[PDB]
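In what follows, a structure is listed as structure tokens, so that the remarks can point back to it.
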Amino acid sequence: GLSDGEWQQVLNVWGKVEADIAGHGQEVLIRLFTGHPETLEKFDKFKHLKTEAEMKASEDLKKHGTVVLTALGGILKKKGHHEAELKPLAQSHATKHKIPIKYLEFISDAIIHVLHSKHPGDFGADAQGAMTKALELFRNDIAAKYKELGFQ
Ligand code: HEM
């Protein structure tokens with residue numbers, strides 16, 4: 001549950017992402033894959049990437065980063081009223097991709113890391129607080145659907 005002022009912070013931060021969605025999305029995925037190499041194994045189309053240089057050179061990885069961040073941005077812009085947008089993603093991630101909730105925690109922290117790396121000194125404590133709460137809400141609503149499905 002976020003206040004109006006917290007949502008305002010989230011959507012202000014998101015403007016930084018929307019200025020370069022592909023660059024942010026690329027770096028988010030690289031932070032996830034290099035920090036948590038088991039996550040790469042869930043992607044049949046990226047498992048061939050052995051080095052970070054290959055990850056950086058991959059145009060398809062940047063494309064997928066755009067897909068991921070476009071979806072998250074659509075959810076965040078709903079300011080919590082995201083049941084219709086979140087349901088298909090919870091269902092596909094539990095039943096087809098088999099993504100444990102832990103990996104959604106990993107990517108949430110990766111987003112925070114990338115924002116500080118690309119905007120050092122321009123991602124303040126209030127903005128970090130609000131972004132963190134928004135990603136927690138996203139993860140928590142996914143977790144509820146995972147429990148419904150019995151997925152671990
Ligand atoms: C911010 C969180 C994330 C968002 C919004 C997101 C969004 C999406 C979207 C929109 C798709 C394509 C449509 C679909 O299959 O439902 C997708 C595909 C996928 N997601 Fe996620 N995702 C997230 C996190 C993750 C994480 C943490 C993993 C694994 C560690 C992952 C693994 C996958 C895989 C395996 C695919 C299929 C890729 C393919 O072969 O084309 N996702 N995701």
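Structure notes:
- Two-site FRET efficiency, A143 against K45, from Cβ-Cβ distance with R₀ of 35 Å, rounded to 0.05: 0.85
- Loop-located trypsin sites (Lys or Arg not before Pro) across the range 72-145 with a Cβ neighbour count of 16 or fewer within 10 Å are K77, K78, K79, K96, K98, with loop assigned by DSSP.
- The overall shape of the chain is oblate: from the C-alpha gyration tensor, with semi-axes ordered a ≥ b ≥ c, the ratio a/c is 1.5 or greater and a/b is no larger than b/c.
- Using the Cβ-Cβ distance between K98 and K56 with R0 set to 25 Å, the FRET efficiency works out to roughly 0.40.
Neighbour counts are summed over all protein chains in view; Cβ atoms, including those assigned to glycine, are modelled from backbone coordinates with ideal geometry. No value in this document is a laboratory result; all are computed from the given coordinates.
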